[PDB]
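One structure below.
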Amino acid sequence: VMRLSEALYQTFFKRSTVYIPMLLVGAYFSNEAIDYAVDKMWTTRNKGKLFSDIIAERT
Amino acid sequence: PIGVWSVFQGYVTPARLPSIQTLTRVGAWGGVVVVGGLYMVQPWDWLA
Amino acid sequence: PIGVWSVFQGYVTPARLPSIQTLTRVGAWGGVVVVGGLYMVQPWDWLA
Amino acid sequence: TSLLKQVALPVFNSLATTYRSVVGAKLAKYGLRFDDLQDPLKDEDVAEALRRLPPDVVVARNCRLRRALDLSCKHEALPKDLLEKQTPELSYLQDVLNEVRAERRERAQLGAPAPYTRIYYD
Amino acid sequence: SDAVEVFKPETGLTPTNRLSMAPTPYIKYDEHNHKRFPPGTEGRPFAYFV
Amino acid sequence: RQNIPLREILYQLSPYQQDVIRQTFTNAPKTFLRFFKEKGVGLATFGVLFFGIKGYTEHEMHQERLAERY
Amino acid sequence: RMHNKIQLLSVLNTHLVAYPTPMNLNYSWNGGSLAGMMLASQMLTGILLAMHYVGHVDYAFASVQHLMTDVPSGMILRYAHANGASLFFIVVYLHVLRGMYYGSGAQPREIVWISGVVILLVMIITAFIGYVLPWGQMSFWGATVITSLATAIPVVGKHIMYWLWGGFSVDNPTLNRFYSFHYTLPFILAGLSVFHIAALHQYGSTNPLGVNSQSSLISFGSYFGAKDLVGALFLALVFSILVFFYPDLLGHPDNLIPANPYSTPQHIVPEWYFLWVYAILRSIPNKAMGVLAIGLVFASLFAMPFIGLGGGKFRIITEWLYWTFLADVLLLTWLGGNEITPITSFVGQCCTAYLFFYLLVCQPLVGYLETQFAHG
Amino acid sequence: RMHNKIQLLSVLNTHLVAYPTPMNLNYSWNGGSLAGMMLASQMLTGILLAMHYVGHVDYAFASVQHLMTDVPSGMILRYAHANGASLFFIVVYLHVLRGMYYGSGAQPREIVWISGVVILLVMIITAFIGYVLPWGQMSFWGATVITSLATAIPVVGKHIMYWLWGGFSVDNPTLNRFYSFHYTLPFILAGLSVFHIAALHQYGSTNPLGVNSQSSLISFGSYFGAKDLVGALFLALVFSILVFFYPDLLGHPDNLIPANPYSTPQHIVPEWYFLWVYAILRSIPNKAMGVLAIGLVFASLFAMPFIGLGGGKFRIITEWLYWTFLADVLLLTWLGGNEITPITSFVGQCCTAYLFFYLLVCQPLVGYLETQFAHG
Amino acid sequence: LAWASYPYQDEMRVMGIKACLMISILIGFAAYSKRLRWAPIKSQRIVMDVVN
Ligand SMILES: CCCCCCCCCCCCCCCCCC(=O)OC[C@H](COP(=O)(O)O)OC(=O)CCCCCCCCCCCCCCCCC
Ligand SMILES: CCCCCCCCCCCCCCCCCC(=O)OC[C@H](COP(=O)(O)O)OC(=O)CCCCCCCCCCCCCCCCC
Ligand code: HEC
Ligand code: HEC
Ligand code: HEC
Ligand code: HEC
Ligand SMILES: COC1=C(OC)C(=O)C(C/C=C(\C)CC/C=C(/C)CC/C=C(\C)CC/C=C(\C)CCC=C(C)C)=C(C)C1=O
Ligand SMILES: COC1=C(OC)C(=O)C(C/C=C(\C)CC/C=C(/C)CC/C=C(\C)CC/C=C(\C)CCC=C(C)C)=C(C)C1=O
Ligand SMILES: COC1=C(OC)C(=O)C(C/C=C(\C)CC/C=C(/C)CC/C=C(\C)CC/C=C(\C)CCC=C(C)C)=C(C)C1=O
Ligand SMILES: COC1=C(OC)C(=O)C(C/C=C(\C)CC/C=C(\C)CC/C=C(\C)CC/C=C(/C)CCC=C(C)C)=C(C)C1=O
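Chains as they are written, first to last, in UniProt numbering: chain C, 2 to 60; chain G, 2 to 49; chain D, 2 to 49; chain X, 2 to 123; chain A, 56 to 105; chain Y, 4 to 73; chain B, 2 to 377; chain R, 2 to 377; chain E, 263 to 314.
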């Protein structure tokens with residue numbers, strides 16, 4: 002039913018030497034997004050208890 | 002008798018050598034190891 | 002199976018068991034182990 | 002022991018029929034028989050009994066085992082119309098295997114071995 | 056070569072012999088674990104993207 | 004490599020001509036119930052024996068502690 | 002064709018890529034790959050920890066602490082090693098229980114079962130001498146209690162005890178020789194695992210149906226690589242949870258006290274994976290009889306392929322008795338962690354007697370009755 | 002047959018008892034079994050040594066002294082482990098020179114030669130980092146001079162150097178990680194040795210005549226067991242002489258001084274088996290060019306099965322040139338123990354140039370001329 | 263004192279949250295790639311002459 006596009010296949014999928022650098026940049030951005038989400042959730046939950054909150058409070 | 006013996010006997014002609022397309026497809030692996038090393042180390046904006 | 006299945010299937014008979022002379026000559030290796038241990042440890046007052 | 006061992010055999014027969022009923026209910030969903038549960042690698046007498054068989058019996062046994070293994074991979078059972086036709090207790094091997102084991106018991110009383118060994122690979 | 060001398064089949068109208076002499080184009084696969092796509096579905100598969 | 008005599012017709016479909024995980028949601032409750040139907044007796048006898056012997060032992064240990072009191 | 006030109010390509014292709022395997026193997030057949038992966042993990046993290054550990058009684062605990070706090074990624078490595086030992090024992094115990102359930106040690110796979118029992122004994126010794134290396138209170142006192150079982154042997158007991166200690170008590174030479182033996186024994190485990198796997202490839206694996214499977218075989222590399230990856234990821238999840246969220250859950254708090262030979266703890270207990278052997282030992286009020294009972298347990302494990310009849314699903318009486326055996330070994334695990342008490346002594350004695358009854362009476366005799374029921 | 006029923010006995014029989022070997026092998030084919038015996042001896046002595054050695058600064062020297070004077074049979078174990086490295090290198094060097102003389106790496110035994118060169122590199126690294134362990138002046142200063150040679154690779158220099166050291170100088174982290182790496186590397190040596198022997202068994206050994214020997218093959222296990230035992234007894238005589246009569250003959254007296262990072266010795270030279278590489282490095286007046294030449298020697302060693310034409314006798318020009326090569330290598334070994342002098346620099350440069358000339362020009366071109374003379 | 267026994271508890275928990283999320287996504291992706299490879303076998307059709 003759902004099917005990968007031919008023009009998108011001929012560019013990023015037909016050769017491994019083009020597929021692998023695309024894989025590495027996607028891996029970089031996926032790690033950045035996961036880091037951002039985990040850090041935002043942790044800092045939101047534990048607000049007011051961290052050391053940086055005390056330091057920014059003393060300014 | 003694999004190596005210099007193959008070229009002394011005349012077994013390495015213009016034929017049986019890799020083509021330009023074959024060497025380019027093998028030569029395209031040079032960018033993959035460069036990108037992999039830059040991905041592993043990540044020296045961002047280190048180019049001079 | 003070969004251990005207890007052979008006893009239960011009736012394959013272990015007196016005619017198939019090793020002889021008493023074979024059991025005597027095989028069991029004579031027990032003195033060899035005793036004298037080998039006595040040679041290794043030498044824990045005796047036997048020399049006098 | 003002989004006074005109580007005269008009637009210890011019908012109790013054995015009743016337990017055996019109950020056991021075969023339960024296991025044959027388990028076996029029939031895979032299309033298997035009781036004789037298909039014997040492995041030529043596990044027993045050298047079964048390996049000897051299997052080469053004494055006509056080729057069509059061996060072809061049928063292999064077909065049943067292949068169907069059961071495919072069913073086991075698919076986590077399925079046989080459909081109802083096939084499941085009602087299954088005969089888990091129709092023997093094809095017990096006579097030949099009983100003859101093989103009797104021959105081996107006969108050779109052992111005279112000190113002779115069996116004229117076959119285990120299946121050895123490599 | 057002939058199939059009677061090379062494959063050496065049994066004689067009869069068994070289920071395997073019927074498909075051997077005339078195979079059917081209406082092949083039914085098992086669909087308990089996977090439902091098939093409509094036949095002749097073209098295009099590079101979506102599983103590469105996944 | 005171990006010739007096997009067999010007569011069959013085998014059919015196989017391409018893995019890009021069928022779905023991958025969509026039937027897994029339909030069959031999941033049935034497979035759960037089938038698993039517990041097949042392994043119900045063994046898990047129950049395990050649970051009965053383990054928790055009954057553990058409970059009897061812990062009860063008698065508590066009685067032993069109470070018997071040492073003054 | 003390319004693997005036909007080099008030997009090392011051919012052996013790898015035959016035994017990893019194109020090896021035939023029964024198509025109906027379920028997820029109970031993943032314990033071996035997981036055990037191999039846990040052995041590789043233990044070897045890697047141990048090699049990395051050995052670059053910061055010092056095997057001396059004045060610096061062992063302090064170097065452990067320094068590795069925990071000051072070495073970059075040292076806490077991850079130390080917790081990964083200490084909890085990977087427990088996950089290694091979990092995976093191996095489940096592998097052995099799979100073999101006990103299906104009767105996988107039977108002919109023609111007696112060598113596989115025997116090399117497995119050898120592997121398990123080496124694993125037990127490796128973990129026991131590795132636990133002494135932090136030189137905490139449990140590390141000292143468990144080595145004292147267990148190596149004092151050699152005096153149960155008459156005449157030459159104390160001499161073997163003093164020879165193993167290097168002195169009159171557990172001290173620095175014991176720790177140094179334990180460190181050398183502990184570094185060494187995992188490589189013997191790797192060799193034994195290679196031999197154990199090459200023994201199985203002679204005939205192949207058994208299947209969950211318990212029948213001959215030579216008609217339905219598929220390639221190992223294309224199909225069971227992904228199926229092993231799935232189980233490896235489920236194991237990596239549990240490993241991550243244990244390392245990062247509950248790192249001292251499977252440990253003991255007394256091993257964080259430095260060792261004191263003049264003040265014993267109130268409750269000397271081993272790690273959880275030695276608790277059933279410890280319960281067998283504590284249930285019998287005689288040291289020689291307890292050591293003999295442990296040796297007879299392992300002798301019964303060696304003698305399983307020759308006295309055991311009875312296998313998987315279609316052999317239903319032994320299949321039902323398997324769950325009673327499993328409840329018995331978990332009751333032995335629980336009883337080891339509890340103190341000595343008349344009811345725990347009685348229950349441990351009954352549980353040991355039932356383990357012997359199942360191993361030596363149920364497996365031959367009930368197996369023979371069900372073979373006569375099914376094929377007589 | 003009894004060996005036809007257990008797969009372990011079949012492999013052992015096939016590869017150690019009934020293996021067909023040429024009957025005209027002389028005593029220069031005993032290098033490999035002697036090298037394996039020396040590897041096993043080093044592993045045994047070291048595993049025994051590690052039960053009394055402490056891998057920490059301010060304890061390492063004292064632990065070696067306590068091993069020497071207080072451990073029963075400890076002096077024998079230490080001197081055996083120290084001189085066994087020298088005898089191991091003597092045997093492996095004579096093995097390599099045999100292979101150089103006979104052209105043993107040629108088709109179809111290129112994998113055997115390549116795995117040998119890999120084994121030699123691992124042996125060199127193992128011996129160096131094991132020499133660091135006693136923590137004397139020679140240990141510290143040799144480890145300093147060699148590891149601070151990564152500042153020849155541009156840009157990525159001192160980063161790699163400081164990551165190797167675990168700090169800013171050779172100190173306790175360097176010694177502590179060198180202990181773990183040195184314990185671990187000989188098991189890789191044993192595995193590579195097993196692979197190396199298994200690669201030879203695909204095609205069997207060459208003979209002193211250099212002809213096909215398939216017509217005249219005899220069993221290994223009867224005829225070449227006693228022949229190996231004779232050479233092993235000669236090696237045991239030399240080993241016993243070295244251990245008991247001249248235990249410090251092959252060493253350096255400066256390694257009996259505790260290491261001082263602020264005072265350097267007058268002459269810093271390695272062990273004798275590293276001296277030819279040291280002379281090649283020290284002769285060239287550039288660090289990066291010296292490391293490039295050292296790498297080029299081993300690259301030319303790897304390329305030898307694909308460029309080397311010419312074997313033993315009946316190829317007489319290359320046979321004569323082998324003795325010039327042997328003299329060149331022994332001269333480089335002598336030059337490494339001297340001081341830096343303009344004449345010694347000139348002679349070492351000429352010796353390095355001739356070594357490259359023989360390895361890269363004589364072996365292909367003179368060998369091709371010999372083939373054109375003999376069969377042209 | 264609870265901080266002194268476990269000085270890196272916060273960093274360990276942040277790394278554990280990231281690891282659990284990543285492994286949980288990878289479990290689904292690996293199950294997908296397992297079921298894709300095994301699909302021609304799980305849906306194969308075998309027809310034989312045996313009825314029993
Ligand atoms: C005094 C000290 C007080 C301590 C209080 C806390 C004790 C422990 C917590 C309470 C535990 C009791 C309920 C445990 C339920 C666990 C789940 C379970 O059993 O399901 C498994 C299992 C689940 O089967 P599946 O779902 O098929 O796996 O359930 C069963 O099959 C039922 C098990 C019933 C057998 C155990 C009954 C309790 C034993 C008590 C025996 C007392 C003897 C008294 C003799 C002396 C009298 C004077
Ligand atoms: C063939 C021989 C087989 C032998 C079988 C041995 C047992 C194998 C299974 C054992 C199950 C694990 C139990 C470990 C803890 C026992 C503690 C004990 O008894 O002493 C209580 C002990 C002391 O209690 P007290 O001395 O009585 O106060 O308490 C503790 O130390 C805390 C117990 C924590 C329990 C954690 C449970 C969950 C951990 C993770 C579970 C993972 C399951 C599998 C998942 C991965 C799959 C690959
Ligand atoms: C069960 C199998 C097991 C294997 C295999 C294993 N270890 Fe360990 N190791 C342990 C245990 C248990 C400990 C004790 C951990 C603790 O409680 O701190 C330990 C601890 C250590 C320690 C002390 C550091 C510390 O955290 O206490 C070192 C060093 C070590 N192991 C090295 C190794 C090396 C090197 C290898 C392999 C080449 C290895 N280990 C393989 C079980 C194992
Ligand atoms: C006491 C028993 C025992 C122990 C311990 C054991 N094995 Fe197994 N193992 C077996 C048996 C029996 C089989 C064959 C089971 C079958 O194929 O049905 C087996 C099979 C295997 C398999 C093939 C697939 C599988 O998982 O069944 C692998 C891989 C394996 N073992 C590896 C290991 C490793 C690695 C270790 C430990 C470091 C280990 N085994 C410990 C008995 C054991
Ligand atoms: C750089 C080369 C090289 C090194 C280093 C080397 N080998 Fe050899 N070895 C060879 C070659 C080439 C042969 C084949 C000789 C022939 O058959 O003519 C060989 C043959 C052998 C043999 C068969 C008997 C013999 O001596 O011919 C053994 C055993 C052996 N090697 C073991 C070892 C061991 C053990 C080591 C090191 C610990 C080692 N080798 C190191 C190249 C090497
Ligand atoms: C190829 C050579 C080689 C091998 C193989 C080798 N070693 Fe040694 N090792 C040395 C040398 C050289 C020294 C320095 C000895 C000296 O000068 O005192 C050394 C030193 C040591 C020391 C420090 C104590 C001392 O007296 O120097 C230990 C401990 C040690 N080795 C253990 C081992 C172990 C353990 C193994 C194998 C499992 C092993 N060695 C294998 C070469 C080797
Ligand atoms: C059908 O059945 C089968 C399986 O089940 C489904 C399998 O899974 C496998 C594959 C086996 C695996 C993954 C187990 C791992 C194997 C072993 C022998 C574990 C021991 C090996 C170790 C620890 C290697 C680590 C040591 C090294 C690398 C040496 C040191 C050197 C360096 C660090 C450089 C096979 C062949 C199989 O047929
Ligand atoms: C906290 O502590 C404790 C442990 O620890 C974690 C324990 O396990 C145990 C109990 C464990 C038992 C009964 C099972 C394991 C039993 C033994 C005997 C382990 C084997 C080890 C021995 C005999 C030590 C000797 C070492 C040798 C011989 C080195 C090996 C080298 C060669 C064979 C060459 C207890 C009580 C304990 O309180
Ligand atoms: C007096 O001075 C000198 C020494 O001193 C006593 C020497 O010895 C040597 C001899 C050393 C040479 C020729 C180089 C040795 C080779 C290498 C590659 C350097 C060693 C590399 C190290 C220690 C990097 C860290 C790696 C380790 C520990 C192991 C890596 C692990 C694996 C490969 C699995 C020379 C020349 C010397 O003049
Ligand atoms: C050209 O013809 C040939 C030769 O030339 C005549 C040879 O020489 C050899 C090879 C010789 C061999 C294999 C014997 C030499 C010994 C070696 C390599 C190992 C030394 C080991 C010893 C002395 C004992 C080790 C003891 C133990 C217990 C370690 C094992 C560990 C465990 C079991 C855990 C071969 C194959 C050959 O074709």
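Just so you know, even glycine gets a beta-carbon here, dropped at the ideal spot from N, CA and C.
Distances from the alpha-carbon of residue 253 (chain B) to those of B:266, B:242 and B:261 put B:266 closest. The straight-line gap separating the alpha-carbon atoms of residue 111 (chain B) and residue 197 (chain B) is approximately 11 Å.
In the structure shown, residue 279 (chain E) falls within a helical segment according to DSSP collapsed to helix, strand and coil.
Judged by beta-carbon spacing, residue 35 (chain R) lies beyond the 8 Å limit of residue 165 (chain R), meaning their Cβ atoms are not closer than that value. For residue 309 (chain E), the enclosing beta strand (DSSP E) starts and ends at 307-309. Within chain B, no residue has its beta carbon less than 8 Å from that of residue 105 (chain X); the closest one is some 16 Å off. By DSSP's assignment, residue 99 (chain A) forms a beta bridge with C:5.
The region 27-42 of chain X makes no contact with the region 40-47 of chain D: fewer than 3 CB pairs, one atom from each, lie closer than 8 Å.
Collapsing the DSSP output to three states places residue 18 (chain C) in a helix. At least 8 Å separates the CB of residue 119 (chain B) from every CB of chain X. Under the Cβ criterion of 8 Å, residue 81 (chain X) is not counted among the residues facing chain A. Distance from the CA atom of residue 277 (chain E) to the CA atom of residue 264 (chain E), rounded to whole angstroms, is 20 Å. Relative to ligand 10, even the nearest heavy atom lies 7 Å or more away from the CB of residue 189 (chain R). Distance from the C-beta of residue 171 (chain B) to the nearest heavy atom of ligand 3 is not below 7 Å.
Along the region 322-360 of chain B, the alpha helix (DSSP H) occurs as fully enclosed runs of 4 or more residues at 343-358, listed in sequence order. For residue 21 (chain C), the neighbours in chain G by C-beta distance under 8 Å run, in chain order, 33, 36 and 37.
Cβ neighbours of residue 130 (chain B) within its own chain (closer than 7 Å, five residues either side excluded): 179, 182 and 183. Using a Cβ distance threshold of 8 Å, residue 39 (chain B) and residue 75 (chain B) do not count as a contacting pair. Nearest to residue 366 (chain R) by C-alpha distance, out of R:324, R:347, R:341 and R:311, is R:311.
Contact residues of the region 73-103 of chain A toward chain Y are 74, 82, 84, 88, 89, 90, 91, 92, 96, 100 and 102 (C-beta to C-beta distance below 7 Å). Note that the C-beta distance between residue 114 (chain B) and residue 305 (chain B) is below 8 Å. Put simply, the CB of residue 210 (chain B) is near chain X, with a gap under 8 Å to one of its CB atoms. Taking a contact to require three or more Cβ pairs closer than 8 Å, the region 313-325 of chain B and the region 244-251 of chain B do not qualify as touching.
With a cut-off of 8 Å on Cβ pairs, the region 139-159 of chain R is in contact with the region 271-289 of chain R, counting three or more such pairs. Not one beta carbon of chain G lies nearer than 8 Å to the beta carbon of residue 10 (chain C).
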